[PDB]
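A.B. asks: Have a look at this one before I ask anything.
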Amino acid sequence: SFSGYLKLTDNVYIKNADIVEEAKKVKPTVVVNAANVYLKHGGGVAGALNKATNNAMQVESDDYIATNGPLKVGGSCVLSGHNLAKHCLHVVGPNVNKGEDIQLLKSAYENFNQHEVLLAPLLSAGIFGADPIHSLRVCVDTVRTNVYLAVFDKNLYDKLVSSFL
Ligand SMILES: CC(C)NCc1ccc(N(C)C)cc1
């Protein structure tokens with residue numbers, strides 16, 4: 001199962017790891033993607049997860065959008081996990097670089113509560129522009145299920161652990 005994680009709370013764990021490498025190793029039931037409303041997996045975590053699936057995640061996502069239309073900011077959908085996981089939970093955190101409301105970050109993390117255990121990135125962090133320290137705080141105060149957070153950047157991982165209240 002999950003190894004090498006630091007326990008932050010009763011249900012939140014954290015590790016300095018590449019979420020693609022972590023997914024290929026653990027083969028979790030659920031891997032969370034840092035999705036946008038269009039499921040266009042171009043960059044950041046989404047671009048990396050999609051590249052690992054040889055673009056199969058993008059082909060499946062385009063069919064999902066053609067049928068259902070875009071997701072809401074704060075919303076999610078469950079699609080295949082391809083070669084990375086049983087399922088991928090595509091969760092849309094607000095992208096503050098696109099002017100999306102940061103208050104929707106709690107709604108985005110609420111989607112994790114529908115799954116007993118997840119491998120996930122910090123929502124709205126990285127290219128989504130939010131403060132990752134704030135994202136971790138919203139995560140621990142919102143998610144009640146078991147979440148294993150993979151933080152790619154070592155320097156950010158160290159800052160997140162050393163500043164965790
Ligand atoms: C039971 C859990 C640890 N693994 C579920 C599971 C997830 C993904 C895959 N593959 C082959 C991508 C296989 C199995």
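Chain identifiers are assigned as A, B, and so on, following the order in which chains appear in the structure tokens; residues are numbered from 1 within each chain, and ligands are numbered from 1 in order of appearance.
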Could you list, as a PyMOL selection string, every residue within 10 Å of residue 101 in chain A, counting only C-alpha atoms and ignoring same-chain residues fewer than 5 positions away?
C.D. replies: chain A and resi 73-74+93-96
A.B. asks: Please find the residues contacting ligand 1 at a distance of at most 9 Å between atoms, with only C-alpha atoms and all ligand atoms counted, and report them as JSON, numbers by chain.
C.D. replies: {"A": [1, 2, 23, 24, 26, 27, 28, 29, 30, 81, 82, 83, 84, 85, 86, 87]}
A.B. asks: Quote the spacing between CA of residue 80 in chain A and CA of residue 125 in chain A in Å to one decimal place.
C.D. replies: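 Spanning CA of residue 80 in chain A to CA of residue 125 in chain A is a straight-line distance of 23.4 Å.
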A.B. asks: Choose the residue, out of A:140, A:20, A:160, A:92, that has the smallest atom-to-atom separation from residue 51 in chain A; count only C-alpha atoms.
C.D. replies: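 Among A:140, A:20, A:160, A:92, it is A:20 that comes nearest to residue 51 in chain A.
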A.B. asks: Residues of range 1-136 of chain A classed as alpha helix (DSSP H) by DSSP on the backbone are to be reported as a ChimeraX atom specification.
C.D. replies: /A:19-26,44-52,56-68,104-110,132-136
A.B. asks: Tell me, as a list in words, which residues lie within 7 Å of residue 17 in chain A, counting only C-alpha atoms; anything in the same chain fewer than 4 positions away does not count.
C.D. replies: residues 22, 150, 151 and 152 of chain A
A.B. asks: Name the residues in contact with residue 91 in chain A at a cut-off of 6 Å, using only C-alpha atoms, excluding same-chain residues fewer than 6 positions from it; report them as a list in words.
C.D. replies: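 Skipping anything fewer than 6 positions along the chain leaves residues 34, 35, 75 and 76 of chain A.
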A.B. asks: May I ask which of the residues A:66, A:6, A:130, A:123 is the closest one to residue 46 in chain A, counting only C-alpha atoms?
C.D. replies: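 Selected residue with least distance to residue 46 in chain A: A:123.
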A.B. asks: Between A:115, A:36, A:139, A:55, which residue has the minimum interatomic distance to residue 90 in chain A, considering only C-alpha atoms?
C.D. replies: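 Ranked by minimum distance to residue 90 in chain A, first place goes to A:36.
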A.B. asks: Could you tell me, as a list in words, which residues of range 23-135 of chain A DSSP assigns to strand (DSSP E or B) when given the backbone?
C.D. replies: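 Strand (DSSP E or B) members of range 23-135 of chain A, listed: residues 30, 31, 32, 33, 34, 76, 77, 78, 79, 80, 87, 88, 89, 90, 91, 117, 118, 119 and 120 of chain A.
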A.B. asks: Taking N, CA, C and O atoms for each residue, export the selection above as a PDB file, in the first residue's frame.
C.D. replies:
```
ATOM      1  N   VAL A  30      -8.158   5.194  -5.969  1.00  0.00           N
ATOM      2  CA  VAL A  30      -8.454   6.521  -6.513  1.00  0.00           C
ATOM      3  C   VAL A  30      -7.214   7.406  -6.543  1.00  0.00           C
ATOM      4  O   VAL A  30      -6.571   7.614  -5.516  1.00  0.00           O
ATOM      5  N   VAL A  31      -6.910   7.962  -7.710  1.00  0.00           N
ATOM      6  CA  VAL A  31      -5.926   9.015  -7.830  1.00  0.00           C
ATOM      7  C   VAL A  31      -6.701  10.293  -8.170  1.00  0.00           C
ATOM      8  O   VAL A  31      -7.582  10.256  -9.015  1.00  0.00           O
ATOM      9  N   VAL A  32      -6.426  11.393  -7.483  1.00  0.00           N
ATOM     10  CA  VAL A  32      -7.059  12.665  -7.772  1.00  0.00           C
ATOM     11  C   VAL A  32      -6.251  13.427  -8.814  1.00  0.00           C
ATOM     12  O   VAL A  32      -5.043  13.560  -8.708  1.00  0.00           O
ATOM     13  N   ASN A  33      -6.943  13.939  -9.837  1.00  0.00           N
ATOM     14  CA  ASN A  33      -6.323  14.822 -10.805  1.00  0.00           C
ATOM     15  C   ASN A  33      -6.703  16.267 -10.472  1.00  0.00           C
ATOM     16  O   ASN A  33      -7.848  16.551 -10.098  1.00  0.00           O
ATOM     17  N   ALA A  34      -5.730  17.181 -10.614  1.00  0.00           N
ATOM     18  CA  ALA A  34      -5.927  18.624 -10.492  1.00  0.00           C
ATOM     19  C   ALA A  34      -6.449  19.094 -11.863  1.00  0.00           C
ATOM     20  O   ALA A  34      -5.725  19.627 -12.697  1.00  0.00           O
ATOM     21  N   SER A  76     -16.433  17.742  -9.483  1.00  0.00           N
ATOM     22  CA  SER A  76     -15.606  16.615  -9.852  1.00  0.00           C
ATOM     23  C   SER A  76     -16.349  15.632 -10.716  1.00  0.00           C
ATOM     24  O   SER A  76     -17.580  15.680 -10.803  1.00  0.00           O
ATOM     25  N   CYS A  77     -15.627  14.698 -11.289  1.00  0.00           N
ATOM     26  CA  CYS A  77     -16.220  13.546 -11.918  1.00  0.00           C
ATOM     27  C   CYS A  77     -15.265  12.370 -11.734  1.00  0.00           C
ATOM     28  O   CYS A  77     -14.038  12.561 -11.596  1.00  0.00           O
ATOM     29  N   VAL A  78     -15.816  11.164 -11.734  1.00  0.00           N
ATOM     30  CA  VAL A  78     -15.030   9.940 -11.626  1.00  0.00           C
ATOM     31  C   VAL A  78     -14.875   9.330 -13.001  1.00  0.00           C
ATOM     32  O   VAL A  78     -15.877   9.057 -13.664  1.00  0.00           O
ATOM     33  N   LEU A  79     -13.649   9.151 -13.442  1.00  0.00           N
ATOM     34  CA  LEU A  79     -13.377   8.517 -14.715  1.00  0.00           C
ATOM     35  C   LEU A  79     -12.379   7.368 -14.462  1.00  0.00           C
ATOM     36  O   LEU A  79     -12.035   7.079 -13.316  1.00  0.00           O
ATOM     37  N   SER A  80     -11.928   6.702 -15.519  1.00  0.00           N
ATOM     38  CA  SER A  80     -10.994   5.597 -15.348  1.00  0.00           C
ATOM     39  C   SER A  80      -9.656   6.111 -14.815  1.00  0.00           C
ATOM     40  O   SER A  80      -9.244   7.232 -15.094  1.00  0.00           O
ATOM     41  N   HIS A  87      -9.649   4.241 -10.435  1.00  0.00           N
ATOM     42  CA  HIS A  87     -10.402   5.417 -10.838  1.00  0.00           C
ATOM     43  C   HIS A  87      -9.559   6.666 -10.756  1.00  0.00           C
ATOM     44  O   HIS A  87      -8.665   6.765  -9.922  1.00  0.00           O
ATOM     45  N   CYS A  88      -9.894   7.667 -11.572  1.00  0.00           N
ATOM     46  CA  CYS A  88      -9.328   8.981 -11.411  1.00  0.00           C
ATOM     47  C   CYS A  88     -10.473   9.889 -11.022  1.00  0.00           C
ATOM     48  O   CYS A  88     -11.470   9.970 -11.743  1.00  0.00           O
ATOM     49  N   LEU A  89     -10.335  10.565  -9.881  1.00  0.00           N
ATOM     50  CA  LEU A  89     -11.307  11.570  -9.469  1.00  0.00           C
ATOM     51  C   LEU A  89     -10.777  12.931  -9.948  1.00  0.00           C
ATOM     52  O   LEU A  89      -9.790  13.445  -9.407  1.00  0.00           O
ATOM     53  N   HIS A  90     -11.383  13.481 -11.005  1.00  0.00           N
ATOM     54  CA  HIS A  90     -10.966  14.767 -11.562  1.00  0.00           C
ATOM     55  C   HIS A  90     -11.631  15.829 -10.747  1.00  0.00           C
ATOM     56  O   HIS A  90     -12.858  15.914 -10.767  1.00  0.00           O
ATOM     57  N   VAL A  91     -10.856  16.589  -9.973  1.00  0.00           N
ATOM     58  CA  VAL A  91     -11.417  17.601  -9.095  1.00  0.00           C
ATOM     59  C   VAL A  91     -10.969  18.964  -9.544  1.00  0.00           C
ATOM     60  O   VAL A  91      -9.796  19.140  -9.818  1.00  0.00           O
ATOM     61  N   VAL A 117     -10.349   6.220   0.506  1.00  0.00           N
ATOM     62  CA  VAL A 117      -8.934   6.508   0.486  1.00  0.00           C
ATOM     63  C   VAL A 117      -8.537   7.040  -0.886  1.00  0.00           C
ATOM     64  O   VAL A 117      -9.015   6.557  -1.923  1.00  0.00           O
ATOM     65  N   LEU A 118      -7.669   8.054  -0.887  1.00  0.00           N
ATOM     66  CA  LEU A 118      -7.249   8.676  -2.148  1.00  0.00           C
ATOM     67  C   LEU A 118      -5.777   9.040  -2.108  1.00  0.00           C
ATOM     68  O   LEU A 118      -5.261   9.447  -1.060  1.00  0.00           O
ATOM     69  N   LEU A 119      -5.128   8.973  -3.268  1.00  0.00           N
ATOM     70  CA  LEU A 119      -3.797   9.528  -3.529  1.00  0.00           C
ATOM     71  C   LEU A 119      -4.112  10.867  -4.208  1.00  0.00           C
ATOM     72  O   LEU A 119      -4.871  10.869  -5.192  1.00  0.00           O
ATOM     73  N   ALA A 120      -3.580  12.001  -3.700  1.00  0.00           N
ATOM     74  CA  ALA A 120      -3.975  13.293  -4.244  1.00  0.00           C
ATOM     75  C   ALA A 120      -2.896  14.319  -4.233  1.00  0.00           C
ATOM     76  O   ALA A 120      -2.022  14.286  -3.381  1.00  0.00           O
TER      77      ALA A 120
END
```
